[PDB]
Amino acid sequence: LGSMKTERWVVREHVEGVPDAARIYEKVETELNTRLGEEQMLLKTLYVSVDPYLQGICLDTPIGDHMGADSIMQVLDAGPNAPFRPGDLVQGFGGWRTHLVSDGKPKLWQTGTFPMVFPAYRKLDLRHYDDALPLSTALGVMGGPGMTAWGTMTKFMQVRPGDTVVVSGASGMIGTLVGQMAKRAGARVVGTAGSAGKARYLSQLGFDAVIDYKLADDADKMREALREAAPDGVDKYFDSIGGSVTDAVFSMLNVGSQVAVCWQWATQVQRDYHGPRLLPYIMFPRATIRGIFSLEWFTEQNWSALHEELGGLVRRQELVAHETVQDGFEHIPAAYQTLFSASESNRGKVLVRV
C-alpha cells in the first residue's frame, strides 16, 4: 500500500525540574505507514493539550519517542472493524504528532511510575459543542480538567454554605473550576496565585481572597497569610501544589474537613521530598484525604453528566472556563513552556490548534 509524511515532537533529552522546551524537544519529520489493521485508524491531530503533568510523562518517555499528550483527532481512514469511521472526531492521548495510527484501545503506560492505563479513545459528538462551548473544550472544561474538577466536587467533596475552601494552584483551569463550584455551593474561597493580575483575575472569577505564593515562600509566611485569609479555619482543601502551602493548611484544619490531593507540583517539579509529617494533624480534625486520579471517572455516564451539569453552567454564563488556544504545530513546545513562565497571560487551559 502506502505512506505519508508526518511531523512529530520527540524527547531529545531528560532534564528534571522546570523543563526547558527548546532543549528537551525536537521536531522531526516522520514517514507513517498508512496500512491499517482490521481495527486500526489513521488519525489527523486537530488540537493538542499542554499540561504540567507532561513534565513527569516526559521524564518517563524513552529518548527519541514522541511526546505523549491529550489531543483531538479526526479519522482519515479506518480498517473494517475500527471503532470509529472516517470523519469521526475522537479524544485520546495521541501526543505531539500531526498524524498517527492507532486502534484506540486502552494502552498501558509501560515506563511509568504506576500501572497506568491510558483510556480508550472517546468519540466526540458535534451536538455538544457550539460557540460558547467549542470543540476544543474536549481538552478542557469538557475534558480531563473539567472531569477532575467536577468529579471531585460531586463524588468526594461536599462543600456546605459557610465553609472556607482553599485551592492551591488556583489560577489554572482545574483550580478556577473548583473555586467557582465551591462558591456556588456557598463557600468562602481562598486561592493561591503568582501575580497581582492573576490574583485580580481570580477575584473576578469570585475568589474571596488570593494569596501570593511568591511572597509567602515558607509555611510560616504562608501560615500567616492563611490565618488572615481564612480566620475561621479551613474546611476543604483542593491541593495541586503540596510543599509548604499544604504544610500550612494542615495546621488549621477544622473538624470534619476534607482534602483532595490532585497534584504535588512542589514535589514533582521542585523536588521537595521531605517535610513535616502531616498525619499527626488530621486525627482531632477527623479530616479525610482522598487521592485524585480522575481517569477512574472516564465513563460514558460521567461524560454525559459532565456535559449536562457543567456544560449548562458554562453556557448560561454562570461559570467561566477560559482557554488560550495557540495556533501552529511548530509552537507546541513554546506553548507548553508558558505553563512555567511568570507571564500572567495564561488564562485557563492552554491549547494548540494544529
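From 1 onward, residues are counted along the sequence shown. The term rigid core refers to the maximal set of C-alpha atoms that superpose within 1.5 Å between the two forms.
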Per-stretch CA RMS vs shown form in 4 other deposited structures of this protein, rigid core as reference, larger of 211-219/179-187 is 211-219
Avg C-alpha B-factor, entry values, 217-225 vs 126-134, higher side is 217-225
Higher of the two mean Cα B-factors (288-296, 33-41; per PDB record) comes from 33-41
Max C-alpha B-factor within the set 282, 90, 182, 199 falls on 199
The residue of 236, 99, 160, 271 with the maximal C-alpha B-factor according to the PDB record is 271
In terms of its chain's C-alpha B-factors, the third that includes residue 328 is the lowest
On the chain's distribution of Cα B-factors, residue 67 falls within the third called middle
Of the three thirds of Cα B-factor ranks in this chain, residue 306 occupies the lowest
So, residue 152's CA B-factor, relative to its chain, sits in which third? The lowest
Quick tally, chain-level thirds of C-alpha B-factors: residue 313 sits in the middle
